[PDB]
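Enquirer:
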Amino acid sequence: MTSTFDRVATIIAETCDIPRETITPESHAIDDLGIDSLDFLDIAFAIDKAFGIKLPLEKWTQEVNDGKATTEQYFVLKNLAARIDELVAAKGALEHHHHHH
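Quick look at the structure:
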């Protein structure tokens, strides 16, 4: 089953040159993978275009910098993929109550 995480893992793989083998759900971008803000610009931009959603990294970065949130919520790959799953559900929310593919 191709989930939101399957795509995010591929993004970070081809962006940061980090092999898929060393990528895991509970891995943190900054803490574990060693991803810098400048590299994560490219990650969030590739996700923005790939999923076809507006990822506001300007907000997510600000949440951490202003102490309103932690890096865990927006950089751990499963948490990141949960926030992206939120945004793809948001554009899917435009669906008119017809529960069928």
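When we follow this note's numbering, the leftmost residue of the sequence shown carries the number 11, and every step to the right adds one. Virtual Cβ for every residue (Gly too), placed ideally from N, Cα, C.
Confirm, please, whether the CB-CB distance from residue 53 to residue 22 is below 8 Å.
Expert: Contact flag set, yes.
Enquirer: Cα separation between residue 88 and residue 76?
Expert: Cα to Cα, residue 88 sits roughly 23 Å from residue 76.
Enquirer: Can we say the stretch 66-83 touches the stretch 25-42, given the rule of at least three CB pairs closer than 8 Å?
Expert: A contact exists between the stretch 66-83 and the stretch 25-42.
Enquirer: Measure the CB-CB distance between residue 57 and residue 48 and report whether it falls below 8 Å.
Expert: Not closer than 8 Å, so no.
Enquirer: Please report the Cβ distance between residue 104 and residue 63, rounded to the nearest whole angstrom; I am assuming they are in contact, meaning their Cβ atoms lie under 8 Å.
Expert: Their Cβ separation, rounded to whole angstroms, is 12 Å, which puts residue 104 and residue 63 out of contact at 8 Å.
Enquirer: When burial is assigned at 16 or more other CB atoms within 10 Å of the CB, is residue 19 buried or exposed?
Expert: When all chains shown are included, residue 19 counts as buried.
Enquirer: If we count the other Cβ atoms within 10 Å of its Cβ and call it buried at 16 or more, is residue 91 buried or exposed?
Expert: Flag for residue 91 reads buried.
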